[PDB]
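For reference, the structure is listed below as structure tokens.
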Amino acid sequence: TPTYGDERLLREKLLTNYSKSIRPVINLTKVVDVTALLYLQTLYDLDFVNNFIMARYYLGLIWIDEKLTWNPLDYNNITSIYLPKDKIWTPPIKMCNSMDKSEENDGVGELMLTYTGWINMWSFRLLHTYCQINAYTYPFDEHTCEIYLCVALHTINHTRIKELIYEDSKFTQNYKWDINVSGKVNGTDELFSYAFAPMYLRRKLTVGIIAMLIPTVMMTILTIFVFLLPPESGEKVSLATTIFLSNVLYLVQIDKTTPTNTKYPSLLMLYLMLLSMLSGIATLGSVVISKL
Amino acid sequence: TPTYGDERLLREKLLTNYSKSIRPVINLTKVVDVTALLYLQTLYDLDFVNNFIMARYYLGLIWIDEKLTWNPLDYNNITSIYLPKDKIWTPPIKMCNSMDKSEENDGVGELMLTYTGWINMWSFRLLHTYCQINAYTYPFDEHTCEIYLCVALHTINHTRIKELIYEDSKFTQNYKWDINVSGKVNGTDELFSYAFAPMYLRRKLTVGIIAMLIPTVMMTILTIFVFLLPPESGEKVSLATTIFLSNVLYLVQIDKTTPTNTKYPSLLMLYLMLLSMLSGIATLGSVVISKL
Amino acid sequence: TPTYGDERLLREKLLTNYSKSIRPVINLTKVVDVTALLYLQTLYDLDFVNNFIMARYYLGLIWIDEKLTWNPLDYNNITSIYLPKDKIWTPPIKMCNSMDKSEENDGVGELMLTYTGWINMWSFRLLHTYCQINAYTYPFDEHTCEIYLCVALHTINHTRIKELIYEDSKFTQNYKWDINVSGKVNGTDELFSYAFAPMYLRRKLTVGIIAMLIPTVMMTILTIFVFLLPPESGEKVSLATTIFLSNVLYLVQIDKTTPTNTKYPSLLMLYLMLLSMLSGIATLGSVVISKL
Amino acid sequence: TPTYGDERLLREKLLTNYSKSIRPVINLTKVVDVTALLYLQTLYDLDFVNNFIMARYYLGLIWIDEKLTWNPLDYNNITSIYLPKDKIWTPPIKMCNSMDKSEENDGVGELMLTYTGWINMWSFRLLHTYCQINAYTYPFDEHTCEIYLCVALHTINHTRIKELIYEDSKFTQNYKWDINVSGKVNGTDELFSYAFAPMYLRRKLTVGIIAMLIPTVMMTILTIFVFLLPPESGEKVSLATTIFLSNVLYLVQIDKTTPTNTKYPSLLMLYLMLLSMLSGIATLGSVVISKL
Amino acid sequence: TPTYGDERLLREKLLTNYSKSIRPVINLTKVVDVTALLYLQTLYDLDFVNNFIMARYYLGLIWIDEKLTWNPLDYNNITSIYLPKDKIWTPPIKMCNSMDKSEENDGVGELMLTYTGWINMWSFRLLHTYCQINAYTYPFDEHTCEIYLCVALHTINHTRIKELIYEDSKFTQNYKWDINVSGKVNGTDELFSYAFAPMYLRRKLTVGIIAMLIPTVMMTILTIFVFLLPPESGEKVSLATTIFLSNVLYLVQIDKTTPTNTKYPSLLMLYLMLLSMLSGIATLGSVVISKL
Ligand SMILES: C[C@@H]1CC[C@@]2(OC1)O[C@H]1C[C@H]3[C@@H]4CC=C5C[C@@H](OCCC(CO)CO)CC[C@]5(C)[C@H]4CC[C@]3(C)[C@H]1[C@@H]2C
Ligand SMILES: C[C@@H]1CC[C@@]2(OC1)O[C@H]1C[C@H]3[C@@H]4CC=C5C[C@@H](OCCC(CO)CO)CC[C@]5(C)[C@H]4CC[C@]3(C)[C@H]1[C@@H]2C
Ligand SMILES: C[C@@H]1CC[C@@]2(OC1)O[C@H]1C[C@H]3[C@@H]4CC=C5C[C@@H](OCCC(CO)CO)CC[C@]5(C)[C@H]4CC[C@]3(C)[C@H]1[C@@H]2C
Ligand SMILES: C[C@@H]1CC[C@@]2(OC1)O[C@H]1C[C@H]3[C@@H]4CC=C5C[C@@H](OCCC(CO)CO)CC[C@]5(C)[C@H]4CC[C@]3(C)[C@H]1[C@@H]2C
Ligand SMILES: C[C@@H]1CC[C@@]2(OC1)O[C@H]1C[C@H]3[C@@H]4CC=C5C[C@@H](OCCC(CO)CO)CC[C@]5(C)[C@H]4CC[C@]3(C)[C@H]1[C@@H]2C
Ligand SMILES: *[C@@H]1O[C@H](CO)[C@@H](O)[C@H](O)[C@H]1NC(C)=O
Ligand SMILES: *[C@@H]1O[C@H](CO)[C@@H](O)[C@H](O)[C@H]1NC(C)=O
Ligand SMILES: *[C@@H]1O[C@H](CO)[C@@H](O)[C@H](O)[C@H]1NC(C)=O
Ligand SMILES: *[C@@H]1O[C@H](CO)[C@@H](O)[C@H](O)[C@H]1NC(C)=O
Ligand SMILES: *[C@@H]1O[C@H](CO)[C@@H](O)[C@H](O)[C@H]1NC(C)=O
Ligand SMILES: *[C@@H]1O[C@H](CO)[C@@H](O)[C@H](O)[C@H]1NC(C)=O
Ligand SMILES: *[C@@H]1O[C@H](CO)[C@@H](O)[C@H](O)[C@H]1NC(C)=O
Ligand SMILES: *[C@@H]1O[C@H](CO)[C@@H](O)[C@H](O)[C@H]1NC(C)=O
Ligand SMILES: *[C@@H]1O[C@H](CO)[C@@H](O)[C@H](O)[C@H]1NC(C)=O
Ligand SMILES: *[C@@H]1O[C@H](CO)[C@@H](O)[C@H](O)[C@H]1NC(C)=O
Ligand SMILES: *[C@@H]1O[C@H](CO)[C@@H](O)[C@H](O)[C@H]1NC(C)=O
Ligand SMILES: *[C@@H]1O[C@H](CO)[C@@H](O)[C@H](O)[C@H]1NC(C)=O
Ligand SMILES: *[C@@H]1O[C@H](CO)[C@@H](O)[C@H](O)[C@H]1NC(C)=O
Ligand SMILES: *[C@@H]1O[C@H](CO)[C@@H](O)[C@H](O)[C@H]1NC(C)=O
Ligand SMILES: *[C@@H]1O[C@H](CO)[C@@H](O)[C@H](O)[C@H]1NC(C)=O
Ligand SMILES: *[C@@H]1O[C@H](CO)[C@@H](O)[C@H](O)[C@H]1NC(C)=O
Ligand SMILES: *[C@@H]1O[C@H](CO)[C@@H](O)[C@H](O)[C@H]1NC(C)=O
Ligand SMILES: *[C@@H]1O[C@H](CO)[C@@H](O)[C@H](O)[C@H]1NC(C)=O
Ligand SMILES: *[C@@H]1O[C@H](CO)[C@@H](O)[C@H](O)[C@H]1NC(C)=O
Ligand SMILES: *[C@@H]1O[C@H](CO)[C@@H](O)[C@H](O)[C@H]1NC(C)=O
């Protein structure tokens, strides 16, 4: 069986004439094809005001190193070792659409190398990735957030994202968003290789949403009556005043929640604006009636 | 008695042919069984809107190194030493359900080694761990937060969590949550070893909660009377208007506190929604009466 | 074709008598002319209360190194290599008008060197840059934010910003601000070289703005009527009281949004102040009428 | 007089056979007695909602090193030197009740060594230390925050906190809290040595607090009259309604300020709850009267 | 002319027998006199609730090294070089009244050395410096914030702040505060050397402030009339109720803005408290009249 000394010898031979900064190919004309695997662990939040989505991912990069092969029979049948990530060449992949808010405490700092040259490198990453949040159909809204991976500085002739496999680990259930992130896309080679995972998020119709809507619908009904109230009923003025005040409060509060950076406005905001306008017109009519 | 020079000699011999990156077993076929001990020090907070729990823990990992044994009689009876954590192999345990918000000022950076090879490594960790917060029975709500430990990258054939012993240190009393975190669980070996400590949290019925409820119950009574008020009492309109305004304010304020990511809705929110609906119906009936 | 060993030989020769801290000119009397390229990727936000603008840029510095030239025919036709940024002299350019909130996870840490001596060094930078935000014409407001680059400590006789090319990458569309940042400016040499990119930002007239304005205009109309209401109409007092309350609420809420550090005040704030003053005068007139 | 070369020789000899990781005693059976001195500089804040206190301290550790003695007559009368803190053994003292939010810009990173072996090591630390904040007697409330020092990992047989001397530097006056932190306590040796400084904080009766009291007392008086108002005065309904609305607003606002993690509730919260209940009962009585 | 090799030789000779941790004087009995130059670049904010002031400064330390002199005629007339700040002794000056929130991205990390021994070391520092904010005369308030520099650990017999020159760079204009920070003060030598720059800040009377006031003055007038309103006018009750509600809202909102840690209270808070008290007394008188 392999022993501690055998692996010490192997690690001594592997790193002898190895340069961490030279791309690991025998012939420099060859590209290193990196395959990326992005698995969502949990979707922490989807911030509308800041147009961001906060989530946690398991990102794994797989590639082949041609300087780091060995014959397992010469080392008591060692077929794979674990090296520190900072001793070996590693593809310069970046989350170039996101703020990577990971700590060093969540950093693995280690990779697995196989005797055939294949490296698997896995890590946890907390990402604040920018999303264009279209609140047009609020609260029945759907969004698409694209999480980008890209090769930092190297040309598509040096390092390439062969493929991006993106999935949902199903580690946690959200109960607020229906997440759909599953697929497999080739890399896009335009002066530098990149790819992105499309994450589709559909707000779930929790009856808390229904509770939020009940005041809106009943206030619409009540405003319809007060606008229909007889011209000289007797309580027109105060009733219309209070109802317009409530409508203004709702119109103010909805704006503070709906995003201001949207492709189209929320239909609910327009509906409440029209409702407040009609309430104001009803109060104006009541004032005119009082004049007469 | 042992002296400074004796320990200098011992530390010189221990680290001579030692590789920090090789797993510390004579035969590479043997697993290293790590036993983890997680003690709660203080539970800082249980953030409902963010679905997080912020707490401080004392985490201790115990394992055995077979490269780091010695005979105490050859070193003037030295039976244990303290080594910097970064000179020796340490298990790659991660809190893979948490944000580890510890500083380097709160990092011990040192471990204790015994002449038999047993290492104890203790640390303080401040964790923001994701919890699925079910506010269904608010404010009589109970929650379960699972704190996960997992071996980062290695297979269950290399490194394993033998056991996870989790307790409450009782260093501070909370006065807001009844914490129940005490037990001892074997690690789960599914392609990589992990375990989790279940923390049960029952909100304590402080009379501040009762103060928050008194307005709700008395407003229920008041709404019942105003809905029961005679059709032509004389103050029906204004009274019902103010009652509905207060009900809407309460329904709005409760939503800003109850979490929007919940398995089931809070019953109190539904109760206040129904109460506001009945208040609106009472105002509608008053309007109809005024019409007649 | 070039091989791994050829590039090892090249990198060994290049760095032999190279000093990272000496400015890279054969004759120390020559200046290093750096050309900077600033490309906006996404404009995250424009914070009015803090007078900041948060954005993401792709910054590239291009210069020429005279110690790091080679003949490609002596190295199997290698025409360019990639070096770690911390092994080579790099111009000390600073964003001396911004908080650089970039992480090490978003840091490229590598530059591309050509056989002629030309270095390209690219990076992603998240900048919180201070802007003097003039909310005079809110919500039809325009702003200019100047993003500064400057040579940290060296005199214009050592390092110089030859040029600054600034553009918009058009990676994302904003839907809230119309961004205009495109041009090319020579560096300014006054005891140390610097330059700045002017970013012109015009608020887009989204109909959400129109929804925000509708209450203001209709309240102006209604206040005009209530001030015009007959002296003894019958509901003057309560109507004017509620309308002044609403005007005060709007005047309070607008202040919390408009910035307090502005060259001139917002015209809308003055308009609402005058509207509230007229509402108060109307209530005063109603009180006087009630006295008579 | 001593010269640069003399101190170079001294520093060369002191560190010759010195091990930074070995506890600095000739005989390993001896304890190192550390004396800690904690001086408050300024108390930044006392956060009630988070149960924290933020302050700045100047912390000094004094101990004796037996490997680092010299005869000043052999070095041209050098009696003390200053060494970098990371070259020498320093006690592993932690603020194990606090979050240490200090930067490296506020880190001295240097200690003073005397020819007799005595080390003084001073530092500035910004601490967020957890406090159990009892708002029972708000706003005449007193609190006690214990700031803990403890030896990180070592047994009381290796490193001991001999003494903790804690004072107030009086650098700034607070005007909001009366701070009382002055004393001298032996360390507690229970499987590891620790100690704590008790900081007593009495809220100062600033008339801004009294101004906050003014509305509560006058509203109590007004509620007493409205509850005493004649059954058929004429304005009972509206007056009671508005007064109950104001009472509910006050009861809601006080809760958002008083902490929810308290040993006992604030008496002011209970008082306002009772007052709101009596206002509701008065409105109920008015409703009953209107029925009759 | 001097060449790359000449500077390589010079830098090789300068650092040969140089100790970065030894204070740079031939005779250890001599002090190193440091002159500090603090220039305000921009004043970001003056946070009243936290009692802080956030600003950006350009800080330059100038001193003389006696180990780092050379004859420029022996090095082809090289008269000054630039060294990395971490290779040379640097005075241990701290901003010991501030939180230094600077990043490594805004860190120059380099100093200029002249053949006569003189070192200039300049840097950008973003400081959060604690200020005792006296809101007594709000909004016509003036404040004094003292920014402290101090020698970290060394006695006045080793390192001294000879002088402190503070100015305003005038890079940006504030439009909210009139800043007056200009002067030149000797250092204070009391067991360790320190100095401070006094920054005087006078709130500018922007009409945004005048606008905030208009509601206060007109509400004072309106309260005066309602208190003067005839005992049986007819609308006394409702009018006084609404006036008191608005007064209470203003008194509540002003408190949330004025600081609670002040030498004296704000006069405006007392004025609004008195106005609310008089409004309450007017309502009490109206209640008494209704009783009669
Ligand atoms: C998630 C995404 C990753 C980042 C990204 O979108 C978001 O950001 C975009 C900006 C692009 C760069 C803009 C300018 C240049 C300069 C050009 O060289 C001219 C030099 C010469 C001019 O005068 C000197 O004089 C080379 C190409 C380069 C670097 C672009 C590369 C692709 C980039 C990085 C794009 C990329 C898709
Ligand atoms: C607290 C918890 C810790 C993290 C965790 O939940 C939360 O997150 C989950 C996601 C899981 C990984 C998903 C995908 C793969 C890829 C597979 O390799 C296929 C390669 C081949 C495919 O095509 C190449 O082509 C190897 C296994 C691995 C890495 C999973 C490991 C277990 C993980 C980390 C789970 C774990 C329980
Ligand atoms: C985006 C922008 C970058 C930063 C910046 O605006 C914002 O900030 C401004 C402050 C300026 C410095 C102020 C003072 C001095 C001292 C002087 O030396 C006298 C020494 C002698 C006095 O008595 C000793 O006794 C040398 C020049 C220097 C360092 C200025 C350089 C330019 C600076 C950095 C300006 C620059 C434009
Ligand atoms: C400000 C304060 C500092 C931190 C502190 O309160 C706050 O936190 C408390 C938690 C305590 C630890 C809990 C458990 C153990 C395990 C035990 O070993 C059994 C091993 C064996 C079991 O089965 C293996 O199988 C050794 C002692 C130790 C480490 C305690 C030390 C004291 C600690 C750190 C206490 C300390 C006072
Ligand atoms: C901006 C400002 C910088 C910081 C500062 O205000 C704010 O903070 C103040 C606290 C002071 C220290 C308090 C206590 C001591 C102990 C004494 O030694 C006795 C040892 C002996 C006792 O028994 C052992 O047994 C030596 C002096 C020292 C360190 C003071 C130095 C000056 C300091 C740092 C002051 C300084 C002005
Ligand atoms: C490199 O190129 C040569 C010639 O093209 C070829 O013979 C050799 O096999 C290549 N090396 C590898 C590893 O493919
Ligand atoms: C090497 O290990 C593999 C996997 O355990 C096994 O199948 C094979 O028989 C081994 N060969 C030798 C020579 O040990
Ligand atoms: C996810 O979205 C894609 C494209 O929008 C669709 O093809 C796929 O069916 C969706 N997945 C599920 C589970 O609905
Ligand atoms: C992706 O690349 C592979 C590799 O050649 C190719 O077979 C495939 O057609 C490409 N497109 C897709 C959608 O897989
Ligand atoms: C390693 O394996 C060999 C053969 O299986 C055995 O003799 C030896 O005792 C093992 N070493 C240890 C430390 O168990
Ligand atoms: C070694 O130390 C242990 C523990 O103090 C003691 O019991 C034993 O007698 C000692 N033996 C020798 C040889 O010193
Ligand atoms: C804690 O919870 C577990 C399971 O929910 C239970 O068995 C145990 O009795 C509880 N502990 C206490 C002290 O109630
Ligand atoms: C855990 O592992 C031990 C070790 O063999 C075993 O005896 C025990 O049955 C396992 N299960 C539990 C619940 O301890
Ligand atoms: C340096 O200066 C000398 C004389 O002025 C000149 O001959 C030489 O070409 C210069 N070197 C370079 C690289 O321009
Ligand atoms: C060197 O490479 C360039 C670019 O591929 C090519 O045009 C040229 O012919 C090559 N020369 C030799 C000698 O290989
Ligand atoms: C951007 O602004 C500059 C100067 O204000 C102007 O010359 C240019 O035309 C503008 N660009 C566009 C696209 O309007
Ligand atoms: C900028 O510098 C170049 C270089 O000489 C010069 O030709 C040009 O006139 C300068 N001004 C502008 C606006 O480009
Ligand atoms: C160490 O112990 C020996 C014997 O107990 C004693 O002679 C010696 O003085 C001790 N060393 C010190 C520094 O106290
Ligand atoms: C050493 O220095 C001390 C303090 O300055 C002084 O009292 C003593 O006389 C000096 N002795 C010698 C030999 O220099
Ligand atoms: C501080 O508190 C302690 C105990 O509570 C007391 O003995 C001491 O007198 C107090 N100090 C002052 C100045 O009141
Ligand atoms: C603290 O320790 C000293 C040292 O022996 C002792 O004299 C004293 O009695 C102890 N207790 C107190 C309160 O100082
Ligand atoms: C150091 O002191 C000696 C004697 O006091 C004196 O001769 C010498 O000039 C001094 N050195 C310096 C650099 O002042
Ligand atoms: C050295 O440089 C200075 C400044 O340029 C110049 O005045 C002087 O003549 C030069 N001397 C020599 C010998 O080069
Ligand atoms: C700044 O303040 C100082 C002292 O308060 C005063 O002497 C000086 O004249 C002031 N400067 C200006 C420009 O007002
Ligand atoms: C400051 O120190 C210098 C240096 O001796 C002295 O001339 C001056 O009088 C001192 N005071 C002031 C205000 O400059």
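In this Cβ point-charge picture (+1 for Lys and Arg, -1 for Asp and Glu), the range A:13-166 has a dipole of about 700 debye about its Cα centre.
Given charges of +1 on the Cβ of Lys and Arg and -1 on the Cβ of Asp and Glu, with all other atoms neutral, how large is the dipole of chain D about its Cα centre, in debye to the nearest 20? Dipole about the Cα centre, nearest 20: 220 debye.
For residue B:140 and residue B:225, a Förster radius of 25 Å and the Cβ-Cβ distance give a FRET efficiency of 0.35, rounded to the nearest 0.05. When you filter the GluC sites (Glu not before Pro) in the range E:160-198 for DSSP loop state and at most 16 other Cβ atoms inside 10 Å of their Cβ, you are left with E:190. Listed values for the range D:74-87 are Karplus-derived 3J(HN,Hα) couplings in whole Hz (6.51 cos²θ - 1.76 cosθ + 1.60, θ = phi - 60°), namely 8, 9, 6, 6, 7, 10, 7, 10, 10, 10, x, 5, 8, 9, and x replaces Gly and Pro.
Calculation over all alpha carbon pairs of the protein assembly as shown in 20 angstrom steps from 0 returns a P(r) of 8, 30, 37, 19, 6, 0 percent. In chain A, the beta carbon lying closest to the axis that superposes A onto E belongs to the residue given here with its whole-angstrom distance, A:238, 5. The residue list B:38, B:127, B:63 was ranked by how far each Cα lies along the charge dipole of the range B:1-130 toward its positive end, using unit charges on Cβ atoms, and B:63 comes out on top. Across identical copies of the chain, residue A:209 has label-point separations of 3.0, 3.0, 4.9, 4.9 nm, listed in ascending order, with the point defined 7 angstrom from Cα along Cα→Cβ. The order of D:42, B:16, C:257, going from fewest to most other C-beta atoms within 10 Å of their C-beta, is B:16, C:257, D:42. Inter-copy label distances at residue D:27, using a point 7 Å along Cα-to-Cβ, come to 4.5, 4.6, 7.4, 7.4 nm with the shortest given first. Helices meeting the span-like rule in chain B (full DSSP H runs, Cα extent of at least 24 Å along the helix axis, mean Kyte-Doolittle score of 1.6 or higher): B:207-228, B:267-291.
Along the charge dipole of chain E, Cβ charges K/R +1 and D/E -1, which of E:5, E:229, E:250 sits furthest on the positive end? Ranked along the dipole, the leading option is E:229.
Loop-located trypsin sites (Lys or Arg not before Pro) in the range A:217-292 (DSSP state other than H, G, I, E, B) with a sparse environment of at most 16 neighbouring Cβ atoms within 10 Å: A:256, A:263.
Distances between copies of residue A:174, taken at a point 7 Å out from Cα along the Cα→Cβ vector and listed shortest first: 2.8, 2.8, 4.6, 4.6 nm. Separation of the range E:9-55 from the range D:182-261 is 49 Å, based on Cα centroids. In loop segments of the range B:119-225 as defined by DSSP, the trypsin sites (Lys or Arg not before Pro) with at most 11 further C-beta atoms inside 10 Å of their C-beta are B:170.
About its Cα centre, the dipole of the range D:144-255 is roughly 280 debye, where the only charges are +1 on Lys and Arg Cβ and -1 on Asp and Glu Cβ. In this rough spin-label picture, where each label sits 7 Å from Cα along the Cβ direction, the residue E:74-residue E:87 distance is 1.8 nm. Amide H contacts under 5 Å for residue D:159: D:32, restricted to partners 5 or more places along the chain or on a different chain, H placed in the peptide plane at 1.01 Å from N.
Under the criterion of Cα pairs below 8 Å and six or more residues apart, the relative contact order for chain A equals 19 percent. Each of B:210, E:175, B:49 was placed along the dipole of the protein assembly as shown (beta-carbon charges, centred on the mean Cα), and the one lying farthest toward the positive end is B:210.
In this simple spin-label model, placing a label point 7 Å from the Cα along the Cα-to-Cβ direction at both residue D:9 and residue B:163 gives a separation of 6.0 nm. Taking a straight line from the alpha carbon of residue B:236, these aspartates and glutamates sit under 13 Å away, with near neighbours fewer than eight places off in the same chain left out: A:235. Under 5 Å from the amide H of residue E:3 lie the amide H atoms of C:28, each residue being 5 or more positions distant or on a separate chain, with H modelled from the backbone and absent for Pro and chain starts. In order along the range E:113-125, the phi-based Karplus estimate (6.51 cos²θ - 1.76 cosθ + 1.60, θ = phi - 60°) of 3J(HN,Hα) comes to 10, 10, 5, 7, x, 7, 10, 10, 9, 10, 7, 9, 10 Hz; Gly and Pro are listed as x.
Positions of Cβ are generated from backbone atoms using ideal geometry, with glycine treated the same way; all protein chains shown enter the neighbour counts. All of the numbers you see were taken from the coordinates with simple rules; none came from a lab.
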